[PDB]
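The block underneath contains the structure these notes are about, expressed in structure tokens.
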Ligand SMILES: [Mg+2]
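Chains as they are written, first to last, in UniProt numbering: chain A, 152 to 270; chain B, 3 to 78; chain C, 99 to 147; chain D, 56 to 98; chain E, 213 to 424; chain F, 196 to 244; chain G, 114 to 243; chain H, 184 to 500; chain I, 6 to 51; chain J, 669 to 779.
Here it is in structure tokens:
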């Protein structure tokens, strides 16, 4: 029965399971390098690192494959947009992304269940 | 995933002869050596367009149709 | 039409009006308007090409 | 009046589906083999 | 919790790399393009997103919701004249998509540009769209004022959509705004125009109800 | 006035530069307007069938 | 007292829902006659333009107009985001899925094949009989 | 009634040729009415006798379905293309392949010969058309600019020398010299799968499942709109007497007046005995050089041959 | 050393395994039930 | 532009069959269809081919008759290709011609 439940649950193969673990390990080593770099910037030690790749640094530096918006019949050279408020004392990685679909739905499912069982 | 269909093909115009001869490579196949470097043309007896222009095709077609039907009749 | 021809030239022919959607008339018979241009002009364009 | 499996005639005849005026031509293997050519050279 | 703009730019690097990789993978269906443009507009970096929508229109210019999202980004971020250019290019390249015309005549009315919406409606009646388009332009007029110009629109609409139901609706209009003599002139023009052998009952039914 | 001589090319000289480098396909020419008919009307029943 | 009924039929088109949504927004709006008569008296001859008059590249809307447009468009985005209402999740039904996507695919199977596969489910619930 | 249409005598089937083992996807007539080629999905090309309807030769060599076949008028050659990705020249002196035209990234759907230059043009599924020199087997130009598979192509000697419709619902009129689009005609709503050229009047027709359209040549003006044959049409062919033939995927075939745009006959032919009701379909149709026989390559692995009915007017609208 | 009498537990695992794997994969179902082969699972089903 | 030589033949055939079906369903749907639902019809065609090979009678209870007829058409076409390839390789194996071992196993499995 235990093997029956454990095999009725599974849908993933070898490569999906190694990629999920690789994603968790990449997240862990990213938080570790983040802590090391945060300490080096907090005390203040300007050790620079390397980069060995052709593409990839072209994303933050500039607009990647930029197409200019086609212009005509209306002057649009004067108007501009206002940048985002930084606010780096409340802002979190979850805040930029927005709430998760599973998280919100999960929450409601909770509420739903609660009300049903209470009634 | 890995095993997946296509739903769009690979487009042409970005390799070996497509825009600037792929910037003039010095690589060439053995199938790209000179071969049949002379176009053969239709001669006067074959079906040259001088001979095809004046021909009434309907009479000759009807005659060949009649001969084929007569052959099929005389066989059985 | 000028907002339609951004990167095109001035002699490019594009269709953007509703008068381009209405059918023309029957164009009755052997009219010298709808004719393949000229056999010597055909030979000239053939030689150029 | 039993019909064996060896006959079992489905799919009625080409003369029955197209009629008498249409002449039906069933062509398996061909006249003039691949050595005997189409448009002939000037000999 | 993110500190100063180094770690913020690292997060932006990871997200833009993920989106550009998804674009490189598929290059088709615009959910990747729209999601990447929404993520770029959510961080108020809308020039990146202008580039994203222009690239996505280079991929597929006949996809109407892509135009709708790009123009509603430029309306949402207070860039009126950009969005105005976008709607003009939209109604130029897709003249049969009525969505663009309804939203652009709605934007010009919400911005207070009356005559701009009049000119867009006249460009729209150049294409001879449908019943609902002419009714929306009549409703635009009657919402403001101008029973005479709306009557001219009705004249054009009965000349370019000959149908007994449209003459009945214009008759009901001339009833409801108390121009019974003008309505009678419309009646005497309609019953002569339709002829003798074609008509269905409804014209003479509504005209008998009027004279009742 | 400038006298131009074409440089004399070495026969025993291999290709000079890398050519295998590849960049993605650029933007196509400006989109053409569609000139379609007015959207024949779709019904709920046929949409379900 | 007035009374108006407007239910929805089936989907059938992306343009019919647009038209319904446009009739809703265009009945909700209210015109200001003061700004209208002001711009009319300022513009004069060209206030009733043709397709080709001159004013295409002239209008500059003030802050109140663009604020009204932005607030209206935010309300329209909210009304669009409320389109697919989540149906309440009961856990008393015998679940026949092991994933999160399997439940919705079984729901689609019950949508499409649910009219035809009505005897076999009865056979299952009565004990694989009949 | 603004026009008065010319009376054309109705057509009738008189010969059903059979012997392919796959969908007959192409057909073409020799310049001398002695024989005609078909190409089919049984990976062969069959020379048939045009008078007797007898199989004259069978030529193997393709790896996949044969999609287009054409006989050259200036040279004694037989050009063929396939889903193989292979474009071939068959020397009919030897009945062997002498030249293969390499460079299509995917399946090749049609091909046409330029009538005066010795230049082959081909359609492919990789959204391109290619321009080949016959003598040097090399790609002169790659006509790119369609976004979906390219279905049909034609050639003139006069202006725009290459006209091609495709599955992106557009039609591009090109420049053979430059290699760039001159006119993009977007009027169709569904995929253009057949373009055809009129022999005299310097107009052309184009077909898609919504409707069929007639068009002036220099810049593509709208002239007319021939409607009523609403199925997926695969081929169009023009008679010099102004008879237009539209054959569809559902086997239905309509006969049309070129000038007035009038439908004078509808032909719904029947399938072969073993065949299935869902298998009625026309992939190709061609007139002979006498323009008095109509050869249709069907989806029931048949060649059906039609000729005019010799009985006088029982017709005229 | 395969087979014998069928219990309710093996039959319910067999039902759930047909619900997961289908009626054309019997060696994936019989890997879920020891002391029962694929022919036995197929026969017990039908 | 790689050539379909000998080990790409079945993969190229089944690559082109899918494309022909895609073009036909893009032309066959009427004007107000959401232009989704291509993948499902392709799965119905693959399942119809499996049910042809298994000699299982294939019927989907609700399905539009143009889609059902088109799937039957292309399944008959793939049946013809499969069967003619089997006849050809069986004649080759009978005469003693140069054949692969994999084509012997595939041909036994088809026969
Ligand atoms: Mg495994």
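Ideal Cβ placement from N, Cα and C applies to all residues, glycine included.
Of H/385, H/402, H/376 and H/383, the smallest CA-CA separation from residue 395 of chain H is found for H/376. A distance criterion of 7 Å places the beta-carbon of residue 434 of chain H beyond contact range of ligand 1, judged by its closest non-hydrogen atom. Around the Cβ of residue 209 of chain A, a 10 Å sphere holds fewer than 16 other Cβ atoms; the residue is exposed.
For the stretch 10-44 of chain I, the residues whose beta carbon sits under 8 Å from a beta carbon of chain A are, in order, 14, 18, 21, 22, 25 and 37. Apart from sequence neighbours up to five positions away, the residues of its chain that approach residue 255 of chain H with a beta-carbon distance below 6 Å are 296, ordered along the chain. The straight-line gap separating the alpha-carbon atoms of residue 727 of chain J and residue 431 of chain H is approximately 26 Å. Per DSSP, the continuous alpha helix (DSSP H) segment holding residue 34 of chain I begins and ends at 31-34. In the three-state reduction of the DSSP assignment, residue 122 of chain G falls in the coil class. As computed with DSSP, residue 211 of chain H is found in a beta bridge with H/220. If only complete runs of 4 or more residues are kept, the stretch 671-750 of chain J shows the alpha helix (DSSP H) at 677-696 and 706-721, in order along the chain. Within the stretch 44-57 of chain B, those residues whose Cβ lies closer than 9 Å to any Cβ of chain D are, in chain order, 44, 45, 46, 47, 48 and 49.
Judged by their CB atoms, residue 310 of chain E and residue 128 of chain G are nearer to each other than the 8 Å cut-off. Under the three-state reduction of DSSP output, residue 313 of chain H falls in the strand class. Residues of chain H whose Cβ lies closer than 7 Å to the Cβ of residue 96 of chain D are, in chain order, 276. Taking C-alpha positions only, residue 114 of chain G is separated from residue 373 of chain E by approximately 35 Å. Here DSSP, grouped into helix, strand and coil, assigns residue 29 of chain B to coil. A distance filter of 7 Å between CB atoms and the heavy atoms of ligand 1 selects the following residues in sequence order: A/164 and A/165. Interface flag for residue 234 of chain F against chain G is set, since a Cβ pair is found closer than 8 Å. As DSSP reads the structure, residue 436 of chain H sits in a beta bridge with H/430 and H/450. By the neighbour-count definition (other C-beta atoms within 10 Å, threshold 16), residue 238 of chain G is an exposed residue. The beta carbon of residue 3 of chain B sits no closer than 8 Å to any beta carbon of chain J. In this structure, residue 149 of chain G sits near residue 326 of chain E, with a CB-CB distance shorter than 8 Å. Relative to residue 330 of chain H, the option among H/314, H/320 and H/306 whose CA is nearest is H/306. With distances taken between CA atoms, residue 234 of chain H lies nearest to H/488 out of H/499, H/488, H/500 and H/497. Note on geometry: alpha-carbon atoms of residue 4 of chain B and residue 683 of chain J lie some 16 Å from one another. Taking the CA atoms as reference points, residue 134 of chain G sits about 29 Å from residue 220 of chain G.
Remark: three or more beta-carbon pairs, one from each stretch, lie closer than 8 Å, so the stretch 204-218 of chain A and the stretch 221-237 of chain E are flagged as touching.
By the rule that beta-carbons nearer than 8 Å mark a contact, residue 28 of chain B touches chain F.
Collapsing the DSSP output to three states places residue 28 of chain I in coil. Not flagged as an interface residue toward chain F: residue 777 of chain J, since no C-beta distance is shorter than 8 Å. The straight-line gap separating the alpha-carbon atoms of residue 736 of chain J and residue 777 of chain J is approximately 28 Å. If you ignore the 5 residues before and after residue 379 of chain E, its C-beta comes within less than 8 Å of the C-beta of 370, 398, 402 and 415, all in its own chain and listed in chain order. Shown in chain order are the members of the stretch 100-130 of chain C whose Cβ falls below 7 Å from a Cβ of chain E: 101, 102, 114 and 116. In the DSSP assignment, residue 142 of chain C falls within the unbroken alpha helix (DSSP H) covering 137-146. Residues 771 and 775 of the same chain have their beta carbon placed closer than 6 Å to that of residue 757 of chain J, with the five preceding and five following residues left out of the count. Residue 216 of chain A is outside the set of residues whose beta carbon lies under 8 Å from a beta carbon in chain C.
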